[PDB]
Every structure is written in structure tokens, then in C-alpha cells.
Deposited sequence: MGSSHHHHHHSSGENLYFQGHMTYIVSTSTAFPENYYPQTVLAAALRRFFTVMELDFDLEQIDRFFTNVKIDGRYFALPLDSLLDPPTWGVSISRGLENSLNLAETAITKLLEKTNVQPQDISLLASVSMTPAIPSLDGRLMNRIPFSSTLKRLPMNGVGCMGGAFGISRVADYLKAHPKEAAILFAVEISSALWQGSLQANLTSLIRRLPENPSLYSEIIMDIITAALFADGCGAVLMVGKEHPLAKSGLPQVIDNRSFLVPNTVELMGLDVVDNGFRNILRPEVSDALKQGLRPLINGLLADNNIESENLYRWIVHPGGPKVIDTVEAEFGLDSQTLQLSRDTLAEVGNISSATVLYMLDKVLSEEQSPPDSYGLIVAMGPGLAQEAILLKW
């Protein structure tokens, strides 16, 4: 199974992290919330993000629209970004939509029917297009989706598939964060809850990524493209409460313990996958690690004894676009394929972590 090409799509408004921090400080100031505002600045700086794309508005932070309207805009933005990314992908590869056998999607955006079904009215896919709409995987979704498409293409060596991941984190800013922070600060053991919501506001951003993958018999399956040679999943027992998304609007759950609980899954997962492919982690030329946060990046480095430069792509990505959740690893893979040189027959590893607590690893070979 071969990764042939990638693309990304972002909304029009890129906000410097300092603008975002200032907007939230305005909110605390207007609502007379008793909390150190330097905590807002400290967390927005310490996540090491230079700016983020928000598809949904910031100008209405003090007067958010209704929940129904925010869901409607989030759905429309998700569809628009996904259409843009898919159309760029087909164009750069000169592939016709009718020649795509499977369209796989990941997104936390509420969509029944799913985003991939809706896109069939915007792009002239065949009416018998196979679809793989996935959810419940959060930040892990991009890596997760690549593994699922690879497993499909193992049985369909002649076919082509598109995976896309899109998330609208800015939906958080349409009332959920405002209400929750106001209530928590006013009742202030709740200090950690306020910190978590501030971290959520500092970290998460919007965007979309897409990947074209083909089986070994497809005409686009050529040497020098990354090959998915194996993949594996891991779920750490009894960690459901550490990460996820609770409907309340909604609240992002990201407990401080997450980075430590990752150690329980990372090495069992990756070391077992590599051993079963007769290589060691030190054989890997390229790591593509989802930047859940600065501490996640540091933990992966420590667990595998990596040099300070090996995960630089995770840090640069986080600086450039923030944590765009499931889409992040696709953006990163896009950077590798577009801007970087990969030695022939070198090995790469995609790693992502998300709610469950779950981790996903994909072994690549050029």
C-alpha cells in the first residue's frame, strides 16, 4: 500500500497567539472574573504556538450566537475545507473522482449523514463510492485513518482511496469555554479545571488534511513513494477519563496525567510493531509524531532516547498551526512529502495519541 500524495486546507483567518490570548483576557476583564490573567498569557505562550486558524468567529466572543447556528457553521466550514483539500489532491495527482473507490473521513464535527456522504454532492464521485466515516478517535484520527485505509487496500490492490481529517476547534470558543470558565472561576479544587480549560483554549486550532493512497497494483503505485508496511493500535487500560470530549455545549477533556499515561502504551506499541517487522526504533530515519502538546513531544523523546532534533517537525508544526487535532499528522506528512528529502529504503514512523487513551503507530518505508 502506497501513499501517493497529500494536501491541506485552512480557513481564511490566521490569528497570532498573542491576539487570541488578548481576546480571552478581554473576556475575563469584561466578566470581572477573579483570576490571574498572567496565567492566560503563560499557558498561551508555553504551548509554543505562534498562531492558529479559526474557521469560526472571534469577534463575537462576548456575545456568542446560538448553539444551533454554531453547529451549522462548523458543519459548513468542515465541508468547505474538506472539499478544498480533496479537490487540490485530485488536481495535483490528475485523478478523476469517479476513479476513487473509497472515501474515508475523520472529524468530531456532528454530521448525520457524515461529511463524506455530503461531499458526494460537491464532487462528482461515483454513486457507489465506498465510505469509511470514522469518529470517536479525536486527535488520533489522522494516523488512525491511514491505518484503516491501508488495511482496506490490502484487499483491493487495484484501487485508490482518499482519507481526509478536518476539525473545527474554534467551535469551543462559541460559548462553551466562556460559560465553563465563568462558572468555574466564580465557584473557586476547581483550580485544575480552570487550568485545563485555559490550556484547551491555548492549544487547539482548525484545519484539514487529505491523503491519496493506492494499492500495489494501481498505476500510481511507484517506487520512491512511502509504503505503509504495517500498523498497530494500543489502548491503555482504565484511562477513559484522561482525554476526550464530553457533551455538556461541550467540554474538551485533557488531564495533566495524559503525558505520563502515554508511557504505558508508547513503548509496548512501537517496540512490538518494529520487532515484528525485524527492525529497531533506532533504525527509523523519520519520526512523524502528533504534537498533543510540548510535554507529549518531550515524553516521546525521553521514552525513545531521541536526539533533540528528531521530533523537530512536531514542534515546528505546533508553532505554525497549533494542535489541529486529527488533521495534524496529515499536515506533517504533507511537509515531509513536499519539502523534505527521504533517503531510498529509509524507514519512517507515524505516531498519534488520542482519547481512549489510545495510540496508533504506522510503519513507513521509502
item: Sequence ranges absent from the coordinates, based on the deposited chain and numbered from 1; value: 1-22, 211-214, 275-276
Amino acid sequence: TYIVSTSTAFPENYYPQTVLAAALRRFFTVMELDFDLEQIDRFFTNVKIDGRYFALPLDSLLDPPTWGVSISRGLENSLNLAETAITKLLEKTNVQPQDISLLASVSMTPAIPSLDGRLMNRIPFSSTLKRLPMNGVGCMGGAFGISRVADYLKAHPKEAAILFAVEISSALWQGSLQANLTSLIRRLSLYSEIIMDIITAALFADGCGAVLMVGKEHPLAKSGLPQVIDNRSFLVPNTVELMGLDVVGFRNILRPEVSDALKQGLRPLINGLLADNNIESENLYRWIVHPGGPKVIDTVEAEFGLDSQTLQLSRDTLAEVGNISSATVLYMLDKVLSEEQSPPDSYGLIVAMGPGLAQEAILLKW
From here on, numbers count along this sequence of modelled residues.
query: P64 unmodelled in at least a third of other compared entries; finding: yes
query: Which of 91-99 and 140-148 has higher mean CA B factor, as the PDB entry lists it; finding: 91-99
query: Per the entry, higher mean C-alpha B factor between 43-51 and 317-325; finding: 43-51
query: From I229, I195, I112, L284, residue of greatest CA B-factor; finding: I195
query: Largest Cα B-factor, entry values, listed residues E241, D260, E83, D206; finding: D260
query: Lowest, middle or highest third - CA B-factor, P344; finding: highest
query: Chain-relative CA temperature factor third for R122; finding: middle
query: Where the record places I162 (Cα B-factor, split into thirds across the chain); finding: lowest
query: Ranked against its chain, the third holding the CA B-factor of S169; finding: middle
query: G354 by Cα B-factor - lowest, middle or highest third of the modelled chain; finding: lowest
